[PDB]
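Questions regarding the structure given below will be posed in turn.
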Amino acid sequence: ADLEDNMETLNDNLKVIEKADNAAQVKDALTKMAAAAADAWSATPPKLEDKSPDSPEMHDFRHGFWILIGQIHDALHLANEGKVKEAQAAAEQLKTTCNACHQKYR
Amino acid sequence: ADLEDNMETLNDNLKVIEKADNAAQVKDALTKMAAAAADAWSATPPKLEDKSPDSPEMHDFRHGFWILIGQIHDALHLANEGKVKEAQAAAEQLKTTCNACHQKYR
Amino acid sequence: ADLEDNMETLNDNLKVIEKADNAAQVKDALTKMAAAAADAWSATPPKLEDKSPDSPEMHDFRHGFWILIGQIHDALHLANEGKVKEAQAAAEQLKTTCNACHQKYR
Amino acid sequence: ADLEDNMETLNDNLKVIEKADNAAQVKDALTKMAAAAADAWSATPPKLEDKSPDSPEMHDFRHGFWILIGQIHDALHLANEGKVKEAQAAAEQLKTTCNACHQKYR
(Lines give C-alpha, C1' and ligand atoms only; values in the text may rest on other atoms or scores of the structure.)
Protein backbone atom coordinates (compact mmCIF):
# COMPACT_ATOMS: atom_id res chain seq x y z
CA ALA A 1 0.00 0.00 0.00
CA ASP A 2 0.95 3.67 -0.52
CA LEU A 3 1.83 6.05 2.35
CA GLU A 4 -1.61 7.72 2.32
CA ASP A 5 -3.45 4.35 2.57
CA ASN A 6 -1.21 3.28 5.44
CA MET A 7 -1.88 6.66 7.08
CA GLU A 8 -5.65 6.32 6.77
CA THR A 9 -5.42 2.74 8.17
CA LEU A 10 -3.43 4.16 11.13
CA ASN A 11 -5.98 6.99 11.57
CA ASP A 12 -9.09 4.79 11.26
CA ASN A 13 -7.91 2.19 13.76
CA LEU A 14 -6.75 4.74 16.34
CA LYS A 15 -10.35 5.97 16.53
CA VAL A 16 -11.57 2.35 16.71
CA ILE A 17 -9.32 1.95 19.79
CA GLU A 18 -10.80 5.09 21.42
CA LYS A 19 -14.42 3.93 21.02
CA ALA A 20 -13.69 0.26 21.82
CA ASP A 21 -15.38 -1.50 24.71
CA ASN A 22 -13.35 -4.73 24.79
CA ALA A 23 -9.83 -6.19 24.29
CA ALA A 24 -10.64 -7.90 21.01
CA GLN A 25 -11.50 -4.58 19.34
CA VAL A 26 -8.29 -2.98 20.56
CA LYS A 27 -6.30 -6.08 19.63
CA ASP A 28 -7.69 -6.11 16.06
CA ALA A 29 -7.08 -2.39 15.56
CA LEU A 30 -3.51 -2.49 16.85
CA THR A 31 -2.70 -5.46 14.60
CA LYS A 32 -3.88 -3.46 11.60
CA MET A 33 -1.83 -0.42 12.70
CA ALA A 34 1.32 -2.57 13.07
CA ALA A 35 0.91 -3.80 9.48
CA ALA A 36 0.28 -0.25 8.22
CA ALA A 37 3.35 1.12 10.04
CA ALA A 38 5.66 -1.67 8.84
CA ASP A 39 4.44 -1.20 5.27
CA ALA A 40 4.96 2.57 5.59
CA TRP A 41 8.68 1.98 6.29
CA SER A 42 9.75 2.03 2.61
CA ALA A 43 7.84 5.19 1.67
CA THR A 44 9.31 8.51 0.61
CA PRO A 45 7.16 11.42 1.79
CA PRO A 46 6.59 14.26 -0.72
CA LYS A 47 8.51 16.80 1.37
CA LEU A 48 11.56 14.48 1.22
CA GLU A 49 11.49 13.51 -2.49
CA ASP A 50 14.47 15.77 -3.16
CA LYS A 51 16.52 13.95 -0.47
CA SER A 52 18.77 10.90 -1.04
CA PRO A 53 17.02 7.58 -0.18
CA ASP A 54 19.75 7.06 2.45
CA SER A 55 20.04 10.70 3.57
CA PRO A 56 20.13 11.89 7.24
CA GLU A 57 16.57 13.23 6.80
CA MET A 58 15.31 9.91 5.45
CA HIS A 59 17.02 8.14 8.36
CA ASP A 60 15.18 10.44 10.79
CA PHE A 61 11.92 9.90 8.90
CA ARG A 62 12.17 6.13 9.20
CA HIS A 63 13.25 6.39 12.87
CA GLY A 64 9.78 7.75 13.70
CA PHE A 65 8.31 4.53 12.29
CA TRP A 66 10.58 2.51 14.54
CA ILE A 67 9.22 4.47 17.53
CA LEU A 68 5.61 4.01 16.41
CA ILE A 69 6.15 0.30 15.66
CA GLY A 70 7.67 -0.16 19.17
CA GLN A 71 4.70 1.57 20.76
CA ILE A 72 2.09 -0.46 18.90
CA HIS A 73 4.04 -3.56 19.83
CA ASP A 74 3.79 -2.80 23.56
CA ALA A 75 0.20 -1.60 23.41
CA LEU A 76 -0.68 -4.90 21.73
CA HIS A 77 0.80 -6.90 24.65
CA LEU A 78 -1.29 -4.78 27.05
CA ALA A 79 -4.46 -5.51 25.13
CA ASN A 80 -3.53 -9.22 24.99
CA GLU A 81 -3.26 -9.13 28.78
CA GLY A 82 -6.81 -7.75 28.94
CA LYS A 83 -5.61 -4.36 30.08
CA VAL A 84 -8.01 -2.43 27.86
CA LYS A 85 -7.88 0.98 29.55
CA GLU A 86 -4.12 0.89 29.68
CA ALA A 87 -3.82 -0.17 26.04
CA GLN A 88 -6.20 2.70 25.14
CA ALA A 89 -3.94 5.06 27.08
CA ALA A 90 -0.84 3.73 25.28
CA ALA A 91 -2.76 4.43 22.04
CA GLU A 92 -3.47 8.01 23.14
CA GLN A 93 0.20 8.40 24.02
CA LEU A 94 1.53 7.26 20.64
CA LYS A 95 -0.30 10.22 18.99
CA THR A 96 2.79 12.16 20.09
CA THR A 97 4.77 10.07 17.57
CA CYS A 98 2.18 10.68 14.80
CA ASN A 99 2.31 14.42 15.50
CA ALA A 100 6.11 14.73 15.78
CA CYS A 101 6.60 13.19 12.34
CA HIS A 102 3.79 15.25 10.77
CA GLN A 103 5.26 18.48 12.22
CA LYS A 104 8.61 17.81 10.51
CA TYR A 105 7.72 15.90 7.34
CA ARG A 106 4.06 16.29 6.38
CA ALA B 1 9.26 -8.10 -2.20
CA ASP B 2 8.37 -11.64 -1.16
CA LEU B 3 9.53 -13.46 2.00
CA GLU B 4 12.39 -15.30 0.28
CA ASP B 5 13.87 -12.06 -1.21
CA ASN B 6 13.64 -10.32 2.16
CA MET B 7 15.36 -13.37 3.69
CA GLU B 8 18.21 -13.28 1.16
CA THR B 9 18.63 -9.52 1.75
CA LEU B 10 18.76 -10.23 5.50
CA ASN B 11 21.32 -13.03 5.02
CA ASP B 12 23.50 -11.15 2.50
CA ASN B 13 23.81 -8.07 4.65
CA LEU B 14 24.59 -9.98 7.81
CA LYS B 15 27.66 -11.39 6.02
CA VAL B 16 28.55 -7.86 4.81
CA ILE B 17 28.52 -6.69 8.45
CA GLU B 18 30.79 -9.59 9.49
CA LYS B 19 33.42 -8.70 6.84
CA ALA B 20 33.04 -4.92 7.30
CA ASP B 21 36.03 -2.71 8.13
CA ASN B 22 34.23 0.57 8.96
CA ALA B 23 30.94 1.91 10.28
CA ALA B 24 29.64 3.13 6.90
CA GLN B 25 29.56 -0.47 5.60
CA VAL B 26 27.78 -1.69 8.76
CA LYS B 27 25.37 1.27 8.64
CA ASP B 28 24.49 0.62 4.97
CA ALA B 29 23.91 -3.11 5.57
CA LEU B 30 21.74 -2.59 8.68
CA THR B 31 19.61 -0.05 6.79
CA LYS B 32 18.98 -2.70 4.11
CA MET B 33 18.17 -5.29 6.84
CA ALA B 34 15.64 -2.97 8.46
CA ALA B 35 13.83 -2.44 5.14
CA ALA B 36 13.82 -6.20 4.50
CA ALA B 37 12.48 -7.00 7.98
CA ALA B 38 9.77 -4.33 7.76
CA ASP B 39 8.73 -5.61 4.34
CA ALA B 40 8.64 -9.19 5.64
CA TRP B 41 5.98 -8.23 8.20
CA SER B 42 2.96 -8.97 6.00
CA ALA B 43 4.19 -12.34 4.74
CA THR B 44 2.57 -15.69 5.42
CA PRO B 45 5.14 -18.50 5.86
CA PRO B 46 4.45 -21.78 3.96
CA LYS B 47 4.21 -23.69 7.28
CA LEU B 48 1.40 -21.34 8.44
CA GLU B 49 -0.63 -21.20 5.16
CA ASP B 50 -3.41 -23.20 6.81
CA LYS B 51 -3.70 -20.84 9.77
CA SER B 52 -5.95 -17.74 9.98
CA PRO B 53 -4.22 -14.42 9.07
CA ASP B 54 -5.05 -13.23 12.60
CA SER B 55 -4.30 -16.55 14.38
CA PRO B 56 -2.22 -16.90 17.59
CA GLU B 57 0.48 -18.64 15.46
CA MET B 58 0.56 -15.72 12.98
CA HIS B 59 0.79 -13.23 15.87
CA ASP B 60 3.76 -15.19 17.28
CA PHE B 61 5.32 -15.30 13.82
CA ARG B 62 5.08 -11.52 13.42
CA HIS B 63 6.33 -11.04 16.97
CA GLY B 64 9.75 -12.35 15.85
CA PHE B 65 9.95 -9.55 13.32
CA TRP B 66 9.22 -7.03 16.06
CA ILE B 67 12.20 -8.47 17.95
CA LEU B 68 14.41 -8.40 14.81
CA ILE B 69 13.39 -4.88 13.87
CA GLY B 70 14.12 -3.63 17.42
CA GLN B 71 17.57 -5.20 17.38
CA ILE B 72 18.51 -3.79 13.95
CA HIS B 73 17.26 -0.42 15.19
CA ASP B 74 19.58 -0.55 18.16
CA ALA B 75 22.56 -1.89 16.20
CA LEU B 76 22.18 0.99 13.74
CA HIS B 77 22.47 3.52 16.59
CA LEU B 78 25.68 1.79 17.63
CA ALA B 79 27.05 1.95 14.08
CA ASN B 80 26.03 5.65 13.85
CA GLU B 81 28.03 6.21 17.05
CA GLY B 82 31.08 4.70 15.29
CA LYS B 83 31.00 1.68 17.56
CA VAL B 84 31.84 -0.77 14.78
CA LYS B 85 32.88 -3.79 16.87
CA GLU B 86 29.89 -3.53 19.18
CA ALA B 87 27.53 -3.04 16.20
CA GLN B 88 29.06 -6.18 14.64
CA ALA B 89 28.54 -7.96 17.97
CA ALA B 90 24.90 -6.80 18.08
CA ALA B 91 24.56 -8.21 14.56
CA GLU B 92 25.99 -11.60 15.60
CA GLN B 93 23.57 -11.61 18.57
CA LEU B 94 20.59 -11.00 16.20
CA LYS B 95 21.20 -14.48 14.76
CA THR B 96 19.41 -15.85 17.83
CA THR B 97 16.25 -14.18 16.54
CA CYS B 98 16.79 -15.50 12.99
CA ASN B 99 17.28 -19.02 14.34
CA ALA B 100 14.40 -19.03 16.84
CA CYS B 101 11.88 -18.16 14.11
CA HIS B 102 13.35 -20.67 11.64
CA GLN B 103 13.23 -23.45 14.24
CA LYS B 104 9.49 -22.89 14.74
CA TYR B 105 8.21 -21.68 11.36
CA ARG B 106 10.58 -22.60 8.54
CA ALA C 1 17.96 6.98 46.74
CA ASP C 2 14.27 7.46 47.73
CA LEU C 3 11.43 7.78 45.22
CA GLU C 4 11.18 11.55 45.82
CA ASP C 5 14.92 12.09 45.18
CA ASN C 6 14.78 10.02 41.97
CA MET C 7 11.71 12.03 40.97
CA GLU C 8 13.53 15.36 41.52
CA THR C 9 16.58 14.08 39.55
CA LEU C 10 14.17 13.17 36.75
CA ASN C 11 12.49 16.60 36.99
CA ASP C 12 15.70 18.64 37.16
CA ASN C 13 17.39 16.95 34.21
CA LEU C 14 14.32 17.20 32.05
CA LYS C 15 14.57 21.01 32.40
CA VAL C 16 18.31 20.85 31.72
CA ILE C 17 17.55 19.11 28.41
CA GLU C 18 14.99 21.79 27.48
CA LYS C 19 17.48 24.65 28.02
CA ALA C 20 20.46 22.74 26.55
CA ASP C 21 22.58 24.16 23.70
CA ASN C 22 24.59 21.08 22.76
CA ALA C 23 24.61 17.27 22.77
CA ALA C 24 26.97 16.89 25.74
CA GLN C 25 24.46 18.65 28.06
CA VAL C 26 21.62 16.45 26.86
CA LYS C 27 23.75 13.27 27.11
CA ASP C 28 24.78 14.07 30.67
CA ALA C 29 21.20 14.84 31.72
CA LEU C 30 19.76 11.64 30.17
CA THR C 31 22.48 9.55 31.84
CA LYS C 32 21.35 10.98 35.18
CA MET C 33 17.68 10.30 34.31
CA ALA C 34 18.49 6.67 33.41
CA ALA C 35 20.10 6.02 36.80
CA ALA C 36 17.23 7.77 38.61
CA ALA C 37 14.61 5.70 36.75
CA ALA C 38 16.50 2.43 37.31
CA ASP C 39 16.87 3.21 41.02
CA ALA C 40 13.18 4.08 41.22
CA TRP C 41 12.32 0.52 40.13
CA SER C 42 12.25 -0.97 43.64
CA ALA C 43 10.13 1.78 45.24
CA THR C 44 6.63 1.44 46.62
CA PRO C 45 4.52 4.56 45.99
CA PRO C 46 2.43 5.80 48.99
CA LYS C 47 -0.83 5.17 47.05
CA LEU C 48 0.16 1.49 46.72
CA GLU C 49 1.50 0.84 50.25
CA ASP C 50 -1.54 -1.32 51.04
CA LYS C 51 -1.01 -3.52 47.95
CA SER C 52 1.12 -6.69 47.86
CA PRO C 53 4.74 -6.16 46.59
CA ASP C 54 3.92 -8.49 43.65
CA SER C 55 0.35 -7.33 43.06
CA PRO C 56 -1.21 -6.49 39.65
CA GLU C 57 -1.08 -2.82 40.66
CA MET C 58 2.61 -2.99 41.55
CA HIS C 59 3.39 -4.71 38.25
CA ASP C 60 1.55 -1.96 36.36
CA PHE C 61 3.37 0.68 38.38
CA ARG C 62 6.80 -0.74 37.53
CA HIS C 63 5.73 -1.22 33.89
CA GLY C 64 5.73 2.58 33.55
CA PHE C 65 9.40 2.59 34.55
CA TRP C 66 10.19 0.02 31.81
CA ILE C 67 8.51 2.48 29.38
CA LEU C 68 10.48 5.45 30.73
CA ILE C 69 13.80 3.58 30.80
CA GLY C 70 13.23 2.48 27.17
CA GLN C 71 12.59 6.09 26.13
CA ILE C 72 15.67 7.50 27.89
CA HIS C 73 17.71 4.68 26.31
CA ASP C 74 16.62 5.73 22.85
CA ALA C 75 16.90 9.46 23.48
CA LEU C 76 20.50 8.93 24.67
CA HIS C 77 21.41 7.23 21.39
CA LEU C 78 20.00 10.26 19.52
CA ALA C 79 22.05 12.63 21.66
CA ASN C 80 25.10 10.41 21.08
CA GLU C 81 24.50 10.80 17.32
CA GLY C 82 24.59 14.59 17.80
CA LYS C 83 20.89 14.86 17.01
CA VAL C 84 20.26 17.50 19.69
CA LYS C 85 16.82 18.77 18.55
CA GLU C 86 15.42 15.25 18.11
CA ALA C 87 16.84 14.13 21.45
CA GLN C 88 15.15 17.21 23.02
CA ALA C 89 11.91 16.21 21.22
CA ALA C 90 12.23 12.63 22.47
CA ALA C 91 12.58 14.16 25.99
CA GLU C 92 9.43 16.28 25.57
CA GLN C 93 7.56 13.17 24.41
CA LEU C 94 8.52 11.00 27.41
CA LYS C 95 6.61 13.54 29.59
CA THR C 96 3.54 11.51 28.56
CA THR C 97 5.03 8.57 30.52
CA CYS C 98 5.70 10.82 33.55
CA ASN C 99 2.14 12.09 33.49
CA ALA C 100 0.40 8.76 32.83
CA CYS C 101 2.00 7.26 35.91
CA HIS C 102 1.27 10.28 38.10
CA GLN C 103 -2.37 10.31 36.99
CA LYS C 104 -2.73 6.72 38.23
CA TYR C 105 -0.35 6.43 41.17
CA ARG C 106 0.71 9.81 42.56
CA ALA D 1 22.21 -5.15 46.62
CA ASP D 2 25.71 -5.46 45.15
CA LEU D 3 26.62 -6.63 41.63
CA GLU D 4 27.35 -10.22 42.67
CA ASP D 5 24.01 -10.63 44.47
CA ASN D 6 22.11 -9.21 41.51
CA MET D 7 24.04 -11.58 39.23
CA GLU D 8 23.19 -14.57 41.45
CA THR D 9 19.52 -13.49 41.43
CA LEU D 10 19.66 -13.30 37.64
CA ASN D 11 21.37 -16.69 37.38
CA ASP D 12 19.11 -18.54 39.85
CA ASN D 13 15.91 -17.34 38.24
CA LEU D 14 17.04 -18.16 34.72
CA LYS D 15 17.28 -21.79 35.88
CA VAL D 16 13.84 -21.49 37.55
CA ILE D 17 12.40 -20.48 34.17
CA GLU D 18 14.05 -23.45 32.42
CA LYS D 19 12.54 -25.92 34.91
CA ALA D 20 9.16 -24.15 35.06
CA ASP D 21 5.85 -25.98 34.41
CA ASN D 22 3.50 -22.98 34.32
CA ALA D 23 3.27 -19.24 33.58
CA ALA D 24 3.11 -18.16 37.23
CA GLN D 25 6.57 -19.65 37.90
CA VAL D 26 8.05 -17.92 34.88
CA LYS D 27 6.26 -14.65 35.79
CA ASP D 28 7.62 -14.72 39.32
CA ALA D 29 11.16 -15.50 38.09
CA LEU D 30 11.18 -12.73 35.45
CA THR D 31 9.87 -10.25 38.03
CA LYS D 32 12.89 -11.00 40.24
CA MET D 33 15.24 -10.76 37.27
CA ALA D 34 13.86 -7.33 36.35
CA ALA D 35 14.47 -6.00 39.85
CA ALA D 36 17.99 -7.44 39.90
CA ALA D 37 18.79 -5.96 36.49
CA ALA D 38 17.48 -2.51 37.46
CA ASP D 39 19.44 -2.60 40.75
CA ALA D 40 22.58 -3.61 38.87
CA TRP D 41 22.41 -0.38 36.84
CA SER D 42 24.48 1.73 39.22
CA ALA D 43 27.27 -0.84 39.75
CA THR D 44 30.89 -0.45 38.75
CA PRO D 45 32.43 -3.74 37.56
CA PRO D 46 35.90 -4.61 38.95
CA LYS D 47 37.37 -4.49 35.40
CA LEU D 48 36.20 -0.87 34.96
CA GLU D 49 37.10 0.50 38.42
CA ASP D 50 39.88 2.61 36.86
CA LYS D 51 37.53 4.21 34.32
CA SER D 52 35.51 7.40 34.97
CA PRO D 53 31.90 6.84 36.14
CA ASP D 54 30.73 8.60 32.95
CA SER D 55 33.32 7.01 30.59
CA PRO D 56 32.51 5.56 27.14
CA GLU D 57 33.25 2.10 28.61
CA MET D 58 30.88 2.73 31.53
CA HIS D 59 28.21 3.87 29.06
CA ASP D 60 28.66 0.63 27.06
CA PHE D 61 28.60 -1.38 30.29
CA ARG D 62 25.23 0.12 31.28
CA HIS D 63 23.92 -0.23 27.74
CA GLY D 64 23.92 -4.04 28.15
CA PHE D 65 21.59 -3.59 31.16
CA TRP D 66 19.22 -1.59 28.99
CA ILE D 67 19.07 -4.50 26.51
CA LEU D 68 18.70 -7.04 29.32
CA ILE D 69 15.90 -4.98 30.92
CA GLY D 70 14.06 -4.66 27.60
CA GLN D 71 14.21 -8.41 27.02
CA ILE D 72 12.94 -9.28 30.49
CA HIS D 73 10.15 -6.75 29.97
CA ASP D 74 9.08 -8.45 26.76
CA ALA D 75 9.44 -11.95 28.15
CA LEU D 76 7.23 -10.95 31.08
CA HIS D 77 4.46 -9.86 28.67
CA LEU D 78 4.69 -13.30 26.94
CA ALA D 79 4.44 -15.11 30.27
CA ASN D 80 1.48 -12.83 31.14
CA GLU D 81 -0.15 -13.94 27.89
CA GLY D 82 0.22 -17.57 29.06
CA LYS D 83 2.76 -18.28 26.34
CA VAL D 84 5.03 -20.35 28.59
CA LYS D 85 7.22 -22.03 25.95
CA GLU D 86 7.73 -18.72 24.11
CA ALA D 87 8.64 -16.95 27.38
CA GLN D 88 11.10 -19.79 28.17
CA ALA D 89 12.60 -19.36 24.70
CA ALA D 90 12.88 -15.56 25.15
CA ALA D 91 14.70 -16.38 28.41
CA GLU D 92 17.09 -18.72 26.60
CA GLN D 93 17.71 -15.98 24.03
CA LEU D 94 18.62 -13.26 26.51
CA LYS D 95 21.59 -15.37 27.67
CA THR D 96 23.22 -13.82 24.60
CA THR D 97 23.02 -10.48 26.47
CA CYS D 98 24.44 -12.06 29.69
CA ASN D 99 27.35 -13.58 27.78
CA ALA D 100 28.12 -10.52 25.62
CA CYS D 101 28.64 -8.36 28.71
CA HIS D 102 30.65 -11.04 30.54
CA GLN D 103 32.94 -11.47 27.50
CA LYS D 104 33.85 -7.77 27.62
CA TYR D 105 33.53 -6.77 31.27
CA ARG D 106 33.70 -9.77 33.64
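Worth pointing out:
To keep things simple, chains are lettered A, B, C and D as they appear, and every chain counts its residues starting from 1.
Keep this in mind: a contact is a pair of C-beta atoms (placed from the backbone, for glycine too) under 8 Å apart; a residue touches a chain by one contact, two chains touch by 3 or more.
More than half of the residue-numbered contact pairs at B-C reappear in one of the options B-D, C-D or A-D, namely A-D.
Compared on C-beta pairs in contact, A-C and A-B come out with A-B as the pair having more. Note: centroid distance chain A to chain D, computed from Cα atoms, is 29 Å.
Separation between the centroids of chain A and chain C, computed from CA atoms only, is 23 Å. For this pair, chain A with chain B, the centres built from the Cα atoms lie 20 Å apart. The set of chain C residues that touch two or more partner chains comprises 70, 74. On the chain D side of its complex with chain C, the touching residues are 28, 31, 34-35, 38-39, 41-42, 54, 59, 62, 65-66, 69-70, 73.
Within the complex, the chain B residues that touch chain C are 74, 77, 80-81.
Residues 60, 67, 70, 74, 83, 86, 89, 93, 96-97, 100 of chain C touch chain A in their complex.
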